[PDB]
Amino acid sequence: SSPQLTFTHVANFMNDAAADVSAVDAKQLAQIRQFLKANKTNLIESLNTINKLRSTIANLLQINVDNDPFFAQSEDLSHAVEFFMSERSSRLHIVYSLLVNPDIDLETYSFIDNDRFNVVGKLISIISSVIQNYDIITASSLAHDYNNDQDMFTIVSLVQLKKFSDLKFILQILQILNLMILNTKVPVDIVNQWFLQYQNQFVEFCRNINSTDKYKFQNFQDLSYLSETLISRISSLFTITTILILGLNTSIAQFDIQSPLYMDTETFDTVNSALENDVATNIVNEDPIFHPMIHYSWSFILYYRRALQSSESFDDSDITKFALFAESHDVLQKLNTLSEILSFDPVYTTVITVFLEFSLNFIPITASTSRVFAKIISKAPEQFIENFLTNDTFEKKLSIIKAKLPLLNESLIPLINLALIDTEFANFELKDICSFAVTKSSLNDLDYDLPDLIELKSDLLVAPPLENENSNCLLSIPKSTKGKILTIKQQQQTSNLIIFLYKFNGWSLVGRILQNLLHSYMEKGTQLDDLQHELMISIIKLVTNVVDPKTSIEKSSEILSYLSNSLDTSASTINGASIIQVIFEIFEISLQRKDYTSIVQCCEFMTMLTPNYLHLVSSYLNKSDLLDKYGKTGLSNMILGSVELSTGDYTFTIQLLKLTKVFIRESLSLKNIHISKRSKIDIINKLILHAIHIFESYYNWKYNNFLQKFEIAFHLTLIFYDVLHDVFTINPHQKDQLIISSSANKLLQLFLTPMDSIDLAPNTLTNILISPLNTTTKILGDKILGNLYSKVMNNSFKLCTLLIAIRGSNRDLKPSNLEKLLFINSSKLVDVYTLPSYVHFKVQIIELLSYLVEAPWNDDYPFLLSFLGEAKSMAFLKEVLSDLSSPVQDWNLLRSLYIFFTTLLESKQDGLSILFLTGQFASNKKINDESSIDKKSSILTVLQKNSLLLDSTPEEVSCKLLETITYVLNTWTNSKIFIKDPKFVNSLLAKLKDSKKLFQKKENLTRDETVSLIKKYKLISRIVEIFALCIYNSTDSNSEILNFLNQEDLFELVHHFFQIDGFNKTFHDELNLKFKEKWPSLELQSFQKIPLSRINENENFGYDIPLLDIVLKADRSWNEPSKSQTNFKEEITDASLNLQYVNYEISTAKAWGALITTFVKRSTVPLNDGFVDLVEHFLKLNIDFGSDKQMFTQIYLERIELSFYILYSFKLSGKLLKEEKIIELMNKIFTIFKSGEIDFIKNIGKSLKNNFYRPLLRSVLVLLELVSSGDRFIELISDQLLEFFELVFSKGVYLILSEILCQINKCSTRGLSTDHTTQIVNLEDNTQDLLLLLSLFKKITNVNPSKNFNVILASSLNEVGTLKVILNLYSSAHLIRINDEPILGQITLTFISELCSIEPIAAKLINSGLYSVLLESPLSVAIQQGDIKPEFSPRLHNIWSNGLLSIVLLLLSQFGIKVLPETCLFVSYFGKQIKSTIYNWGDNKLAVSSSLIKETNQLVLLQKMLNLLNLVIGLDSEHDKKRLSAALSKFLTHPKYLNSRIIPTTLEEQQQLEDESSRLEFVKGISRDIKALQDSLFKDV
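Residues numbered from 1 in each chain as written, not as in the entry; some residues may be left out. Heavy atoms only, no water.

- You'll find the protein chain entered in the PDB entry as Nucleoporin NUP188, with Saccharomyces cerevisiae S288C given as the organism.
- Per UniProt, the comment on the protein chain under Function is "Functions as a component of the nuclear pore complex (NPC). NPC components, collectively referred to as nucleoporins (NUPs), can play the role of both NPC structural components and of docking or interaction partners for transiently associated nuclear transport factors. NUP188 probably plays an important role in NPC assembly and organization." (UniProt positions renumbered as here; feature names shortened; annotations may be inferred.)

Structure representation (structure tokens):
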């Protein structure tokens, strides 16, 4: 059936597409909109709804069984409950997503806009219904007691989850309702319903749940503190909703009087009566029914409403009672607490800011009010802050403060508090103060002349604000200063003040006041007044805002200069006077006295001071005692152990972690070279030590605020990952250049530990990974409350993946304990994978599993199937199958699943792979047979289904699908279920044919064009690999691939895939050069990426852009290049794509070569002319020096091999081809073999790279086997053939034999190393000298050579020198023993016979006298000694005997009477062996074989031939022939005697005797040959 979409998946998709709607796939977007248009009423209306355990939980859910079929038949009831919660939350997620961004579906959005207030009323009714059944029925259901205890625990846990989910549901509905009713005119019906159900149901519920004074484990503060945390948010949101319904508007920053509430005279009465009833019955309960904000704002609403009308009647009877109530209930601190609780969303900050701006008119600005305003308003958006600061009422109230400014509590403290709103506003109000107000008890001390206009006739000394009494510092007012005297009460609804106009700076005054406060801080001690202490903290915070990096370094420096003008010069610890030193002294004193607020504020100051002033922070951290110094515990640990571990607040720890993050990032920069490396290294090491100390213990602390625990783990996992990533994934050829290398090494040592280790860092990481299975983590970590937990989790997943990758890249590192922990906790990750509420954690889990499986284990291998089990593995398979087959699917999830399948197929996890492929466990291996795959529960079915959607599927997903298919095909299975339906092969062929976008490839490609080319290459490589496998496994079943390969125009399509021309060496070399003059301290290769794994194959080429951004963040040339300057960012981005392009081009060339090779191997029919054209193309490509740049010289080798085998395949078939192409190929192969990248002449290549010229040698040998090419181009043919012949033969033979001389004696002063055993397998003489050279010699001699060719050959041989090296190698054979026998002489005779076969060479060599020279050798004398028999060395002895007889016979036959004396002396010297053989044959007891018959026939042929061409002992006299004939008559009559005398001494003789014996052939050959020769002799005589 159809899987059908669910609300959770649609909500996840809309969350993904909430940023950019156009960025998502258009078809998926259209299908999502089609789903939305069908479900328009089910979003909200379906929420409304007006065997004992299942009935109890069904009553708990307040929904019928048949209403939820998924809940009905779910085996695990917890899964059904989780699914129902997820669907209920996802409906409102969809509604909120539509409200926030209407562009997702404008048709469904309009369904809400036209029915806005009906939806609002429905939301209020739903909130009331949820509150009604929150505890009335759930508590009764929990109170039930049937039997068992595990069921009771499960029911209790489910009830607690349901209650917390109900609270989260209320929070969600409140968020949506506040979004809807904002800046809208609320009808009086909604107002009445809200003001009725708020008093009737909401406040009592909140108070009852807050105080529960009206199963033991997992019910402590881990549970009770949760409800108190949620109820506070719920009450704050009720307060905000009540404020919004009254008519607050953020567009005008004022209450909307024209709302229907105030135009109705009856609904106004109900609200007024409700507030009056709340006021009049307050004292019974100290907490009012309505928040003091509501009464406090109603006071102003009533005042404005009365002022709009004419009559007022009573004034204080009704207007002022609400104000008095609010003031007596401490409205300001309640407002501050309300602002603090609602900090998660920025809208409520705007609401409170506009409320404060509205209330400005009725509030005089004082110390407490200014403090509250600074605390609240400073977090508002910039536009609302500007609106508040530009208000006319605020300006008028600020002018009064600024009038009489230097009065401490009156004006100075409120102005300092107001300065904490905006930095530019503070600068404007503090830079140019132009008023000085002085109060004096006695007027005699002032010499002023005279109604308020006075003048000063002398200089005046006035003590500055908060000046020490003993200090001599005073402020001087010059004479002739106009003054104004004020002695009357302030005119708003004071002492004798005198105000002079005096232009002075306020920053200097504030700095002097701060120094004075420091002096009293270290004099009195810790008993400083709160007013002074808070003034000090406020001044420190103001300077912190001043020194913020958001300010320009110039103006920050100017302000800090202003702040230090009036400081005392008595201090001399550091030259000059600075406010930074004052704040540092305050920090040290506060650290000594354990003052939490002061240290927190100073740590914030020092955290924000780092980016622009690092030479001060580093110096302080060196001098201060906050960090450990040589075995001495620092002040930070003293505070953490005593103060923070008892109070439960860890603001200082989080501030320290933030400082660590900022310090590391600023130290990695390039503008901080003026700071020494050693200080930075020491400080970074100390900070990393502190961070590691914090990491191993924070998880067991007690937290008053739960979010703080998320704020710590977020900062810890963010520091480790950056340090490890910047070091272990960059700079392949170095390991310690970066300043953070030591910290990275120590972190790697701590995280990766051997098996026996028990270190707590891997345990903490693993505990973080499996957190979502906790109840408190499920509740607090939900996305409704916030997204900090999700960031924590993705950081942890990234860190764990990076650690596994780093370990896997080193063979020396043994398997770590973290991987064993992950293997043990592997069934706890499948649980997270299958959780309905966690669908944004699937890709990361799958990637982690793939990385874990890919890791190599040497000693012992852990099996995933053994850890998961039989039940947990099947659930994983079901979830994976459900994910694979969905109507709408995520591309990232599909890609990750394909990568996971590919990785699992390569690994040794055979059980899991078998389960995934076949759907059944590997334990039942007997089931494996034909049709033994469960089609319903196998990945193969889904692979087949998705393989046909190549056009719709994106190219990455399809290419990885093809990788998985190839891995399935090549090794795991032989039955090709894929090719049963030809649709797959047809789709592959269509993609290959229409993939012709590879035409231009050069015409100034853009970035997107290059990316598309890369993807196309990646797809085509996999396609041709699949085709190669399909054609190889089956010869003729895939007739369509054969037809595609047999087409006429294949060559034009495939010829460009074998050429690699997409690399720009000049571009890649000028970029590296130009990077070292702009920034000479850096080299571009330092930022090169390191490939750690194939799972991250896409991001493995080029340079790291984030690291370059970190290093060069402060450089203008990197960030804002000019028009006349190069753009290094874009060039580096381009250079990273070229490497990937070249890599995939080479891969595609390799795959195409493999496919063509495997096609040519099997084909038997004659090939087309397209392959001749392809061979010509390959040879020309090698002509143009395809390896001069050393561009992956295996392309050269594969081209050579392809050309050789295509040429060789023409021998098996006919292939009648013209001689012109033969000549072209022959000339091109000569030009390849001479000079160029090949190293045959230099003799260096032959010893090492013998594969670069041996295919060429066989190609030359077998290409000449075609029709003889010696007629048409006989001139060029002869010239090229002679050149190639001499160049190969003379040089190779001379060099090989010179090397042999080197191993036997001193050839070129290299040294003498004569020995029986040397080098390996005759170097190349075994193959390169006798397999090819003599064969090509014979081919030329069989090619009808001309006399002029022989003459030129002889001339070249004389120029080189011949047969001297032959005698030298014969002496080598004398001095070299192989298998305890001299075997190198078997080829000397062959070479001699080949040389002597032709007349000119033989005639030229005989003049040098080969006979005596070869006879003088000791082996020749040993052979001449006689008594040589085949019993000793049959094969070799017959070989040399036949060789010498053949050469003697041929020379005698060819040459005339000028050689007869030489032959006569040769046979006289060699006659002893012949006589011994004759005597042995006459005496019998000798093994005679076919070789002996051949030797006897050759001797007989030489005899009478040395006679008639006018000696031979044993054959000259006729008596010898008579005796031989008598012996012949004796033995020829007894074949059985000959068979008995025959002894098989040769393998061929043994084989012949085994098969029907050999006596018949032996006797027949002997009889025929001997009778013929005897008849010839008798006729001649």
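## Thoughts on the overall build of the protein chain
Consideration 1: Looking only at helices and strands, the protein chain has 76 helices and 9 strands in total.
Consideration 2: Overall size of the protein chain, expressed as C-alpha extent along the three principal axes, is 170 × 90 × 60 Å.
Consideration 3: Distance between charge centres in the protein chain, computed from 149 positive and 177 negative side chains, equals 7 Å. (Helix = DSSP H or I, 4+ residues; strand = E, 2+ residues; numbered from the N terminus. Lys, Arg positive; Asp, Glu negative; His and termini not counted. Charge placed at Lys NZ, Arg CZ, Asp CG, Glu CD.)

## Section: a positive patch on the surface
Consideration 1: There is a patch of like positive charges on the surface, built from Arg371, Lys375, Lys379 and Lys541.
Consideration 2: Along the chain, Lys379 falls in the loop between α18 (367-377) and α19 (382-389). (Patch = residues over 30% accessible without salt bridge, like charges linked within 9 Å, V, L, I, M, F, W, Y side chains within 5 Å. Areas by Shrake-Rupley, 256 points an atom, 1.4 Å probe, with all protein chains shown as cover. Salt bridge = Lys/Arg side-chain N within 4 Å of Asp/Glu carboxyl O.)

## A look at the sheet that holds strand β9 (residues 497-504)
Consideration 1: The 5 strands are arranged β3-β9-β8-β5-β4 in an open sheet whose pairing can be described as antiparallel. The open sheet has two free edges, formed respectively by β3 (433-439) and β4 (448-449), since each of these has just one partner strand. (Pairing = 2+ DSSP bridges.)

## Description of the nonpolar core
Consideration 1: If you look at the biggest cluster of nonpolar residues, it comprises 411 residues, and the most contacted ones within it are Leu246, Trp298, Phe652, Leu884 and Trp1152.
Consideration 2: Look past the residues within four positions of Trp298 in its chain and what remains in contact with it is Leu246, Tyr262, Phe268, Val271, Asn272, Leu275 and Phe322.
Consideration 3: In terms of nonpolar packing, the next biggest core, distinct from the first, is built from 17 residues, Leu1071, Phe1075, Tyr1103 and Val1111 among them. (Core = buried A, V, L, I, M, F, W, Y, C linked by side-chain atoms within 4.5 Å. Buried < 20%, exposed > 50% of the residue type's maximum accessible area, 1.4 Å probe, protein only. Contact = heavy atoms within 4.5 Å.)

## A look at the environment of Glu1145
Consideration 1: Following the sequence through the fold, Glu1145 ends up in helix α53 (residues 1128-1162).
Consideration 2: Residue class for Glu1145 comes out buried when judged on its relative accessible area of 2%.
Consideration 3: Taking the C-alpha atoms as reference points, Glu1145 and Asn974, 171 residues apart in sequence, are found 30 Å from one another.

## Things to note about the pattern of salt bridges
Consideration 1: Summed over the entire model, instances satisfying the criterion amount to 37 salt bridges.
Consideration 2: The partner of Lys457 in a salt bridge is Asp447, with the nearest N and O atoms 2.9 Å apart.
Consideration 3: Among the residues examined, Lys457 registers a relative accessible area of 40% and is labelled partly exposed.
Consideration 4: By relative accessible area, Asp447 is classed as partly exposed at 43%.
Consideration 5: For the salt bridge of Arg807 with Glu819, the shortest nitrogen-to-oxygen distance reads 3.7 Å. With a gap of 12 residues between them, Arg807 in helix α36 (residues 788-808) and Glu819 in helix α37 (residues 817-824) connect regions that are remote in the sequence.
Consideration 6: On the accessibility criterion, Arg807 (1% relative accessible area) is buried.
Consideration 7: For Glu819, a relative accessible area of 1% translates into the label buried.
Consideration 8: Salt bridges sharing partners connect three or more residues here, namely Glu906, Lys960, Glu963, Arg1022, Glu1025 and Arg1094.

## A short note on a nonpolar patch on the surface
Consideration 1: On the surface, a nonpolar cluster with roughly 250 Å² of combined accessible area is contributed by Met1505, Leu1508 and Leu1509.
Consideration 2: Topologically, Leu1509 is positioned in the loop between α72 (1505-1508) and α73 (1518-1531).

## Re the pairing of β3
Consideration 1: Across the 7 residues of β3, 5 count as buried, placing the element largely inside the fold.
Consideration 2: Where β3 meets β9, 6 bridges bridge the pair, whose relative direction is antiparallel. Note that in β9 the partner of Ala437 across the bridge is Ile499.

## Brief notes about the packing of aromatic side chains
Consideration 1: Within this structure, the stated rule accounts for 77 aromatic pairs.
Consideration 2: Where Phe7 meets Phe35, the ring centres are 5.8 Å apart and the plane angle is 70°; that geometry is what we call edge-to-face. Taken together, the residues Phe7 in helix α1 (residues 7-16) and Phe35 in helix α2 (residues 26-38) connect sequence positions 28 residues apart. Each member of the pair, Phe7 together with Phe35, is buried.
Consideration 3: Arranged with centres 5.9 Å apart and planes meeting at 50°, the rings of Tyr1017 and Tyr1141 form a pair that is tilted. Of the two residues, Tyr1017 sits in helix α47 (residues 1007-1033) while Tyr1141 sits in helix α53, which places them 124 residues apart along the sequence. Summarising the burial analysis for this pair, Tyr1017 and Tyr1141 share the class buried.
Consideration 4: Taken together, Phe255, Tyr296, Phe300, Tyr303, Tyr304, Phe355, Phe358 and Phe362 form an aromatic cluster joined through their ring pairs.
Consideration 5: The ring of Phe314 has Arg306 lying over it, and the distance from NZ or CZ to the ring centre is 5.3 Å.
Consideration 6: In this arrangement the basic side chain of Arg1258 is found over the ring face of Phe1204, its NZ or CZ atom lying 4.8 Å from the centre. (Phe/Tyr/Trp six-rings, centres within 6.5 Å; stacked < 30°, edge-to-face > 60°. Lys NZ or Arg CZ within 6 Å of the ring centre and 35° of its normal.)

## Some points on helix α76 (residues 1559-1580)
Consideration 1: Over its 22 residues, α76 runs 31 Å from end to end, which matches the ideal 32 Å to within 8%, given 1.5 Å per residue.
Consideration 2: Those residues of α76 lying buried are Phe1562, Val1563, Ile1566, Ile1570, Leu1573, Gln1574 and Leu1577. Within α76, the buried residues cover an arc of 125° as seen down the axis, which keeps them to one side. In α76, the exposed positions angled more than 90 degrees off the buried face are occupied by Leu1560, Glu1561, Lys1564, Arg1568, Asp1575 and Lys1579. (Expected span 1.5 Å × (residues − 1). Arc of directions from axis to C-beta.)

## Some remarks on the packing of helix α27 (residues 596-609) against helix α30 (residues 651-667)
Consideration 1: As a packed pair, α27 and α30 sit with axes 9 Å apart at the nearest point and diverge in direction by 15°. Judged on the interaxial angle alone, α30 and α27 are roughly parallel. Note on packing geometry: the crossing formed by α27 with α30 is left-handed. Residues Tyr596, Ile599, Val600, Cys603, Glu604, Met606 and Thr607 of α27 form the contact with α30, whose participating residues are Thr651, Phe652, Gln655, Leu656, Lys658, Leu659 and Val662. (Axes fitted to C-alpha atoms, helices over the stretch in contact; angles between N-to-C directions. Parallel < 35°, antiparallel > 145°, perpendicular 65-115°, else oblique. Left-handed = near helix turned anticlockwise from the far one by under 90°.)

## Regarding the side chain of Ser790
Consideration 1: Relative to the helices and strands, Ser790 resides in helix α36.
Consideration 2: Setting aside residues up to four positions removed in sequence, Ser790 forms contacts with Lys783, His840 and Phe841.

## Side note on the side chain of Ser89
Consideration 1: The residue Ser89 is located in helix α5 (residues 77-100) in this model.
Consideration 2: Setting aside residues up to four positions removed in sequence, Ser89 forms contacts with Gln172 and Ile784.

## Structural notes on the pairing of β9
Consideration 1: Pairing of strand β8 (residues 482-486) with β9, which is carried by 4 bridges, proceeds in the antiparallel orientation. Bridged to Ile485 within β9 is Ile498.

## A few points about the environment of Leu1389
Consideration 1: Following the sequence through the fold, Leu1389 ends up in helix α64 (residues 1385-1396).
Consideration 2: In this structure the C-alpha to C-alpha distance between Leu1389 and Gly869, which are 520 residues apart in sequence, comes to 74 Å.
Consideration 3: Beyond its immediate sequence surroundings of up to four residues, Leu1389 is in contact with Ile1439, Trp1440 and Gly1443.

## Topic: helix α41 (residues 870-884)
Consideration 1: Its 15 residues place the ends of α41 21 Å apart at the C-alpha level, agreeing with the 21 Å of an ideal helix rising 1.5 Å per residue.
Consideration 2: Along α41, the residues that are buried comprise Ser873, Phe876, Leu877, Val880, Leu881, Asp883 and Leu884. For α41, the angular spread of buried residues about the axis comes to 160°, placing them on one side.
Consideration 3: Each element contacted by the buried residues of α41 is listed here: α38 (827-833), α39 (842-854), α40 (864-868), α42 (891-906), α43 (910-918) and α44 (939-947).

## Focus on unusual backbone geometry
Consideration 1: Phi is positive for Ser931, which is not a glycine, with a value near 55°.
Consideration 2: Relative to the helices and strands, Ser931 is located in the loop between α43 and α44.
Consideration 3: The residue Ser1557 is not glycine, and still its phi comes out positive at about 60°.
Consideration 4: Position of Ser1557 relative to the elements: it lies in the loop between α75 (1547-1554) and α76.

## Focus: the packing of helix α31 (residues 677-695) against helix α32 (residues 706-728)
Consideration 1: Interaxial distance between α31 and α32 falls to 11 Å at its minimum, and their mutual angle equals 135°. Accordingly, the angle class assigned to the pair α31 and α32 is oblique. Read as a crossing pair, α31 and α32 show a hand that is left-handed. Residues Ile688, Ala691, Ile692, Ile694 and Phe695 of α31 form the contact with α32, whose participating residues are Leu716, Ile719 and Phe720.

## Let's talk about the state of the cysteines
Consideration 1: Tallied over the entire structure, the rule returns 0 disulfides.
Consideration 2: The closest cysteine sulfur to the non-disulfide-bonded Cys959 is located on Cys1030, 18 Å from its own sulfur.
Consideration 3: Residue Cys959 is classed as buried on the basis of its relative accessible area, which comes to 2%.
Consideration 4: With no disulfide of its own, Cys1302 lies 6.4 Å from the sulfur of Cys1307, the closest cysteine sulfur. (Disulfide = S-S within 2.5 Å.)

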